[PDB]
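Read off the chains here:
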Amino acid sequence: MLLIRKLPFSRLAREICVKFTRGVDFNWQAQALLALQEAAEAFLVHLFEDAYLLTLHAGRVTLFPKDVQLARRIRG
Amino acid sequence: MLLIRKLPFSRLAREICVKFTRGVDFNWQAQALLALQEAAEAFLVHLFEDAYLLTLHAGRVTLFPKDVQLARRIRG
Amino acid sequence: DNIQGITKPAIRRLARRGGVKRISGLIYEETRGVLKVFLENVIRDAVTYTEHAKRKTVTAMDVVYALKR
Amino acid sequence: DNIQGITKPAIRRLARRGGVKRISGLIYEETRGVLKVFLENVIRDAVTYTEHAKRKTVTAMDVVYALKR
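Judging from the entry metadata, X-ray crystallography is the method by which this structure was determined, and 2.10 Å is the reported resolution.

Engineer: Is there a simple way to explain the overall build of chain A in this structure?
Structural biologist: Along the backbone of chain A there are 3 helices and 1 strand. Mapped in sequence order, the helices and strands of chain A form the string α-β-α-α. Its C-alpha radius of gyration of 16 Å places chain A more than 25% over the 11 Å reference for a compact globule of 76 residues. Reported as C-alpha extents along the three principal axes, the dimensions of chain A are approximately 50 × 30 × 15 Å.

Engineer: Before we go on, may I ask you to explain the interface of chain D and chain A in this structure?
Structural biologist: Across the boundary between the two partners, chain D contributes 44 residues, which contact 41 residues of chain A. Elements represented by at least two residues in the side of chain D that touches chain A include exactly α1 (8-17), α2 (27-52), β1 (57-58) and α3 (60-68) of chain D. With 18 residues, α2(D) is the largest single contributor of residues to the side of chain D that touches chain A. Grouping the amino acids of the side of chain D that touches chain A by side-chain chemistry returns 22 nonpolar, 11 polar and 11 charged. Of the strand pairs in this sheet, strand β1 (residues 27-28) of chain A and β1(D) are connected by 2 bridges, and their pairing is parallel. Each residue of the ladder has a partner; that of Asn27(A), found in β1(D), is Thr57(D).

So, how was this worked out
Residues numbered from 1 in each chain as written, not as in the entry; some residues may be left out. Chains lettered and ligands numbered in written order. Heavy atoms only, no water. Residues with missing side-chain atoms left out of burial classes, pairs and counts. Helix = DSSP H or I, 4+ residues; strand = E, 2+ residues; numbered from the N terminus. Rg over C-alpha atoms; globule rule 2.2 N^0.38 Å. Contact = heavy atoms within 4.5 Å. Nonpolar A, V, L, I, M, F, W, Y, C, P; charged D, E, K, R; others polar. Pairing = 2+ DSSP bridges.

In C-alpha cells form, the structure reads like this:
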C-alpha cells in the first residue's frame, strides 16, 4: 500500500531529525515512523489532486511544476 | 480603511450569531465586531489575491467564479 | 438582515485592494457566499468560546481565538 | 542520507494515486522538495513535543500531534 520503500523513507526522516536536533539522542517507535510515512504519502497524494485541478484550469493534461507551486502557495 | 460599512456588517454578523445561538442572550463588544470585520476583509482580500493567481494561470485578466471556487477548494 | 447589504462597490473595492481590477458580474454573489461561510464559522467558534468561559459578552480575544482555528 | 532515495517510480505512482497520469520530468525534483519541507516541519514539531514531555522516544501520538498543526 505504501509507495515509498520504508528504509529509504526512514533514512530521510532520521537525517532531517538529526539536522534539527543536532545530535540530541532520540529514537522513533516503528509505529511513529509508519504514522509519519502514511501522513507524508497522503499529503503528497492530496497535493497532487489539488495541483491537477490547476493543470486542468490551465487547459492542460500534464502536471507542470507551476501547478504544484501554485497549490502550495494557495495552501499556505 | 474598512471597505464595508460598519452597520451593514454588524447586522449581518448579528443575524448569523442569532441563527447559531437560536436566541441565547449574547452581545458583542465594539472591539469584537471590529476585530471580526478587520479579519473578514483581510480574508476576502487574500482570497482575491490567491484566486487571481488562478486567473492568470488560466491565461485571463478577469476574475471568474471558478477562480475563487478553486482557491477555496485548495484552501480547505 | 442581511447578506445583500454587502454592496457591489464594497466588493469591487475589496477585489481591487487584492490586486484584481476586473471581475465577472458573477463575483458579487460568489463573494457574498464566501463571506457568509467565513462568518458562520468564525462567529460559531467565537460565541462557543464565550459560552465555555461562562461570559455573556463576546470580546476581541474571543474573536482572535476563533480566528486561530 | 537521502532525498534522492525517493525514487522516480515512487513519485509517478504517488501522482497516479492522486489521479495524475502524466507529469513533467520536472515534477521529480518538485515532489522531493515539497516532501522535504513537509517532513522538516512535522518532524520538528513531533520531536519538540517529545522533548516537552521529557521523553526520548518519538511515538505515533507525538507524530499525530505534530500533524494536527
